[PDB]
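Engineer: Sharing a structure with you now.
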Amino acid sequence: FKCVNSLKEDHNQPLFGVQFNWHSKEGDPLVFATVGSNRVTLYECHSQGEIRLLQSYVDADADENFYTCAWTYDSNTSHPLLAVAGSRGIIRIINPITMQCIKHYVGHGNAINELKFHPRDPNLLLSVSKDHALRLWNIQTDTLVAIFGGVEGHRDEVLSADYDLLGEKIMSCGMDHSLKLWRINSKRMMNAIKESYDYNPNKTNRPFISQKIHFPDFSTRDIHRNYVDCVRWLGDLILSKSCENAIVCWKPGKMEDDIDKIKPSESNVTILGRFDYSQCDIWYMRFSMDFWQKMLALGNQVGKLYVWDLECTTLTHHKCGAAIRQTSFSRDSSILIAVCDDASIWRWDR
Ligand SMILES: CS(=O)(=O)c1ccc(-c2cnc(NCc3cccc4c3CCO4)n3cnnc23)cc1
């Protein structure tokens with residue numbers, strides 16, 4: 001990788017999220033969204049390292065702080081859509097062609113730390129919040145499918161979550177140092193998703209009833225000893241990190257235990273490996289993988305970018321010295337974008 005460009009957003013506030021749109025066809029514009037301050041900005045990657053500003057969304061609320069964004073598409077037209085959320089706890093769905101807010105979802109009692117769309121169903125949106133819960137939304141029928149939390153859910157702010165390959169289960173993590181598994185291919189969750197598609201407020205006077213999922217299907221606090229701020233599935237394995245200068249690769253149960261045989265009472269975990277690094281010991285630093293899950297990237301608090309080949313390289317630039325909060329690879333993995341605390345964006349081309 002070589003650094004081919006860099007820019008700074010005029011708001012001068014930290015950029016907390018960056019996502020390439022992986023739903024665009026080959027030969028169609030290579031676009032990424034950045035979120036920071038009360039802004040959402042779209043950029044296009046052109047040849048010779050050129051980055052072109054496409055559109056900006058500025059929230060009507062000047063005190064909003066966006067923390068996350070995620071791309072999806074309309075299941076009937078295949079047109080792209082961008083979801084954004086942050087400190088206000090409001091999810092906004094943006095039409096990226098006009099950069100206008102189409103619709104918004106209220107409900108979390110506090111900030112939203114992460115948004116993720118279901119890998120098979122573009123209408124299923126997962127949000128994770130400082131209110132200790134995760135919420136699953138159906139953005140086609142505007143329904144809250146389920147709330148994951150309560151008694152035996154997270155006991156502190158939820159920082160990240162990820163669906164597995166097929167979206168049969170979710171792993172979440174947060175300030176309580178725990179990682180919890182929530183199966184969404186249970187008869188109860190499949191029926192709730194099915195019912196969310198049949199719901200229409202114009203044909204009934206009764207509200208849609210969301211499932212209250214009080215119990216996870218697995219839980220561990222034995223991987224990290226501090227806030228767990230990023231979790232991702234790697235097949236049936238998990239990659240997760242805290243502020244302890246390592247990404248840990250682990251699995252629930254013993255070495256030969258199949259993930260789908262793991263009971264909620266499972267007391268063991270198996271550590272499979274560690275990706276060690278330096279100077280990334282502050283809260284709120286995300287790692288990311290490319291589409292094919294063959295590369296792993298993580299920025300550190302002094303503007304160094306670590307890249308591992310999953311099949312370590314340190315990327316540095318003399319002008320890049322601020323914390324890199326999140327990175328995103330283009331779908332073909334030829335471009336890696338890094339966003340920083342000083343509102344700077346760095347483009348690295350392979
Ligand atoms: C520069 S400062 O003023 O010291 C500062 C630093 C961090 C935050 C902050 C960032 N991000 C989130 N949530 C998203 C999130 C969650 C997990 C991992 C992760 C991210 C974004 C990158 O990595 N926050 C929720 N509450 N505060 C924050 C706010 C101010």
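Ligands are numbered from 1 in the order shown, residues from 1 within each chain, and chains are lettered A, B, ... in the order they appear in the structure tokens.
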Once you count only C-alpha atoms and all ligand atoms, which residues end up within 7 Å of ligand 1, and could you hand them over as a PDB file with N, CA, C and O atoms, in the first residue's frame?
Structural biologist:
ATOM      1  N   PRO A  14     -13.481  15.129  15.279  1.00  0.00           N
ATOM      2  CA  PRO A  14     -13.084  13.747  14.989  1.00  0.00           C
ATOM      3  C   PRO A  14     -14.052  13.013  14.064  1.00  0.00           C
ATOM      4  O   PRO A  14     -15.270  13.179  14.150  1.00  0.00           O
ATOM      5  N   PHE A  16     -15.466   9.456  13.346  1.00  0.00           N
ATOM      6  CA  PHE A  16     -15.591   8.203  14.079  1.00  0.00           C
ATOM      7  C   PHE A  16     -15.954   6.995  13.223  1.00  0.00           C
ATOM      8  O   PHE A  16     -15.798   5.857  13.680  1.00  0.00           O
ATOM      9  N   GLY A  17     -16.463   7.239  12.017  1.00  0.00           N
ATOM     10  CA  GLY A  17     -16.859   6.155  11.124  1.00  0.00           C
ATOM     11  C   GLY A  17     -16.522   6.416   9.675  1.00  0.00           C
ATOM     12  O   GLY A  17     -16.492   7.568   9.210  1.00  0.00           O
ATOM     13  N   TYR A  67     -21.720   8.529  15.275  1.00  0.00           N
ATOM     14  CA  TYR A  67     -20.667   7.587  15.682  1.00  0.00           C
ATOM     15  C   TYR A  67     -20.513   6.441  14.706  1.00  0.00           C
ATOM     16  O   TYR A  67     -19.502   5.729  14.757  1.00  0.00           O
ATOM     17  N   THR A  68     -21.555   6.199  13.878  1.00  0.00           N
ATOM     18  CA  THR A  68     -21.563   5.025  13.006  1.00  0.00           C
ATOM     19  C   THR A  68     -22.418   5.223  11.781  1.00  0.00           C
ATOM     20  O   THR A  68     -23.338   6.029  11.788  1.00  0.00           O
ATOM     21  N   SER A  87     -24.884  10.029  19.077  1.00  0.00           N
ATOM     22  CA  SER A  87     -25.185  10.510  20.427  1.00  0.00           C
ATOM     23  C   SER A  87     -26.677  10.728  20.727  1.00  0.00           C
ATOM     24  O   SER A  87     -27.073  10.440  21.858  1.00  0.00           O
ATOM     25  N   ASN A 113     -23.934   3.231  19.285  1.00  0.00           N
ATOM     26  CA  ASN A 113     -22.510   3.060  19.021  1.00  0.00           C
ATOM     27  C   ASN A 113     -22.201   2.346  17.712  1.00  0.00           C
ATOM     28  O   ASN A 113     -21.103   2.471  17.197  1.00  0.00           O
ATOM     29  N   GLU A 114     -23.130   1.513  17.220  1.00  0.00           N
ATOM     30  CA  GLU A 114     -22.876   0.824  15.984  1.00  0.00           C
ATOM     31  C   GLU A 114     -24.151   0.446  15.306  1.00  0.00           C
ATOM     32  O   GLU A 114     -25.158   0.167  15.964  1.00  0.00           O
ATOM     33  N   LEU A 159     -20.942  -1.584  22.780  1.00  0.00           N
ATOM     34  CA  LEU A 159     -20.020  -0.862  21.906  1.00  0.00           C
ATOM     35  C   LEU A 159     -19.993  -1.349  20.465  1.00  0.00           C
ATOM     36  O   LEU A 159     -19.742  -0.544  19.567  1.00  0.00           O
ATOM     37  N   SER A 160     -20.210  -2.668  20.233  1.00  0.00           N
ATOM     38  CA  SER A 160     -20.114  -3.200  18.872  1.00  0.00           C
ATOM     39  C   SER A 160     -20.925  -4.478  18.780  1.00  0.00           C
ATOM     40  O   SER A 160     -21.230  -5.087  19.799  1.00  0.00           O
ATOM     41  N   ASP A 229     -14.465  -3.028  22.468  1.00  0.00           N
ATOM     42  CA  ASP A 229     -15.054  -2.017  21.578  1.00  0.00           C
ATOM     43  C   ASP A 229     -15.166  -2.404  20.107  1.00  0.00           C
ATOM     44  O   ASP A 229     -15.636  -1.592  19.314  1.00  0.00           O
ATOM     45  N   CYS A 230     -14.784  -3.639  19.726  1.00  0.00           N
ATOM     46  CA  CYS A 230     -14.955  -4.081  18.344  1.00  0.00           C
ATOM     47  C   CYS A 230     -15.002  -5.591  18.302  1.00  0.00           C
ATOM     48  O   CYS A 230     -14.184  -6.251  18.939  1.00  0.00           O
ATOM     49  N   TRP A 283      -9.935   3.997  24.355  1.00  0.00           N
ATOM     50  CA  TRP A 283     -11.258   3.496  24.029  1.00  0.00           C
ATOM     51  C   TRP A 283     -11.698   4.025  22.671  1.00  0.00           C
ATOM     52  O   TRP A 283     -11.298   5.134  22.297  1.00  0.00           O
ATOM     53  N   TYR A 284     -12.541   3.243  21.965  1.00  0.00           N
ATOM     54  CA  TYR A 284     -13.171   3.632  20.688  1.00  0.00           C
ATOM     55  C   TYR A 284     -12.218   3.664  19.517  1.00  0.00           C
ATOM     56  O   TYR A 284     -11.971   4.720  18.918  1.00  0.00           O
ATOM     57  N   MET A 285     -11.710   2.487  19.171  1.00  0.00           N
ATOM     58  CA  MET A 285     -10.809   2.284  18.034  1.00  0.00           C
ATOM     59  C   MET A 285     -11.285   0.987  17.384  1.00  0.00           C
ATOM     60  O   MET A 285     -11.354  -0.080  18.032  1.00  0.00           O
ATOM     61  N   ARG A 286     -11.700   1.089  16.144  1.00  0.00           N
ATOM     62  CA  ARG A 286     -12.252  -0.065  15.430  1.00  0.00           C
ATOM     63  C   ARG A 286     -11.293  -0.695  14.501  1.00  0.00           C
ATOM     64  O   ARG A 286     -10.522   0.013  13.835  1.00  0.00           O
ATOM     65  N   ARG A 325      -9.518   6.324  14.006  1.00  0.00           N
ATOM     66  CA  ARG A 325     -10.666   5.713  14.650  1.00  0.00           C
ATOM     67  C   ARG A 325     -11.268   4.499  13.931  1.00  0.00           C
ATOM     68  O   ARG A 325     -11.774   3.568  14.572  1.00  0.00           O
ATOM     69  N   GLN A 326     -11.291   4.562  12.610  1.00  0.00           N
ATOM     70  CA  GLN A 326     -11.835   3.479  11.777  1.00  0.00           C
ATOM     71  C   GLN A 326     -11.230   3.555  10.383  1.00  0.00           C
ATOM     72  O   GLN A 326     -10.749   4.614   9.941  1.00  0.00           O
ATOM     73  N   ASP A 341      -9.021  11.655  14.319  1.00  0.00           N
ATOM     74  CA  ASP A 341      -9.474  12.613  15.327  1.00  0.00           C
ATOM     75  C   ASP A 341      -9.359  14.064  14.894  1.00  0.00           C
ATOM     76  O   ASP A 341     -10.120  14.882  15.406  1.00  0.00           O
TER      77      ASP A 341
END
Engineer: Could you give me, as a ChimeraX atom specification, each residue of range 149-294 of chain A that DSSP assigns to strand (DSSP E) when run on this structure's backbone?
Structural biologist: /A:158-163,169-174,179-183,211-213,218-220,230-234,237-241,246-252,269-276,287-289
Engineer: So that I can see what lies close to residue 299 in chain A, please list as number ranges by chain the residues with an atom at most 8 Å from it, counting only C-alpha atoms and leaving out residues fewer than 2 positions away in the same chain.
Structural biologist: A: 280, 285-287, 297, 301, 303-306, 323-327, 338
Engineer: Go through A:45, A:27, A:168, A:81 and flag the residue nearest residue 336 in chain A, using only C-alpha atoms for the distances.
Structural biologist: A:45
Engineer: Quick one: residues within 7 Å of residue 138 in chain A, only C-alpha atoms, excluding same-chain residues fewer than 6 positions away - as a PyMOL selection string?
Structural biologist: chain A and resi 123-125+144-145+196
Engineer: Using only C-alpha atoms, which of the listed residues (A:6, A:226, A:78, A:288) sits closest to residue 242 in chain A?
Structural biologist: A:226
Engineer: Excluding residue 246 in chain A and any residue of its chain fewer than 4 positions from it, enumerate the residues within 10 Å of it, using only C-alpha atoms, and give them as a list in words.
Structural biologist: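 The neighbour list is residues 224, 240, 241, 242, 273, 274, 275, 276, 277, 278, 280 and 281 of chain A.
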Engineer: Restrict the selected residues to C-alpha atoms and save them as a PDB file, in the first residue's frame.
Structural biologist:
ATOM      1  CA  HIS A 224     -10.383  -9.111  27.641  1.00  0.00           C
ATOM      2  CA  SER A 240     -12.434  -8.999  19.236  1.00  0.00           C
ATOM      3  CA  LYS A 241     -10.397  -6.203  20.772  1.00  0.00           C
ATOM      4  CA  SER A 242     -10.225  -4.050  23.891  1.00  0.00           C
ATOM      5  CA  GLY A 273      -4.339 -16.507  18.351  1.00  0.00           C
ATOM      6  CA  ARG A 274      -3.482 -12.840  18.929  1.00  0.00           C
ATOM      7  CA  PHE A 275      -2.637  -9.883  16.636  1.00  0.00           C
ATOM      8  CA  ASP A 276      -0.316  -7.762  18.812  1.00  0.00           C
ATOM      9  CA  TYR A 277       0.435  -4.088  18.148  1.00  0.00           C
ATOM     10  CA  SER A 278       1.342  -0.862  19.960  1.00  0.00           C
ATOM     11  CA  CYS A 280      -3.723   1.637  20.570  1.00  0.00           C
ATOM     12  CA  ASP A 281      -4.719   1.657  24.250  1.00  0.00           C
TER      13      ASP A 281
END
Engineer: Check the smallest atom-to-atom distance from each of A:270, A:38, A:245, A:330 to residue 298 in chain A using only C-alpha atoms, then report the winner.
Structural biologist: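 Using only C-alpha atoms, the shortest distance to residue 298 in chain A belongs to A:245.
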Engineer: Neighbouring residues of residue 348 in chain A were defined as those with any atom within 8 Å, considering only C-alpha atoms; residues of the same chain fewer than 6 positions away were excluded. Please report them as an MDAnalysis selection string.
Structural biologist: chainID A and resid 1:5 335:337
Engineer: Between A:147, A:262, A:238, A:69, which residue has the minimum interatomic distance to residue 116 in chain A, considering only C-alpha atoms?
Structural biologist: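 Of all the options, A:69 lies closest to residue 116 in chain A.
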Engineer: Please provide as a list in words all residues within 9 Å of residue 157 in chain A, with the sequence filter that same-chain residues fewer than 4 positions apart are discarded (counting only C-alpha atoms).
Structural biologist: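 The contact residues come out as residues 113, 128, 129, 130, 131, 132, 133, 173, 174, 175 and 176 of chain A.
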Engineer: To one decimal place, how far is CA of residue 93 in chain A from CA of residue 202 in chain A in Å?
Structural biologist: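 Calculated distance between CA of residue 93 in chain A and CA of residue 202 in chain A is 21.5 Å.
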Engineer: Grab the CA of residue 151 in chain A to CA of residue 88 in chain A distance for me, in Å with one decimal place.
Structural biologist: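 We find that CA of residue 151 in chain A and CA of residue 88 in chain A lie 24.6 Å from each other.
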Engineer: Could you tell me how far CA of residue 127 in chain A lies from CA of residue 253 in chain A, in Å and to one decimal?
Structural biologist: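 The value is 26.9 Å.
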Engineer: Can you list, as a ChimeraX atom specification, all residues belonging to range 57-277 of chain A that DSSP tags as alpha helix (DSSP H)?
Structural biologist: /A:187-198
Engineer: Counting only C-alpha atoms, which of A:118, A:177, A:251, A:92 gets nearest to residue 237 in chain A?
Structural biologist: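 Among the listed residues, A:251 lies closest to residue 237 in chain A.
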Engineer: Kindly indicate which residue among A:47, A:268, A:328, A:55 lies nearest to residue 345 in chain A, using only C-alpha atoms for the distances.
Structural biologist: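 The closest residue to residue 345 in chain A is A:328.
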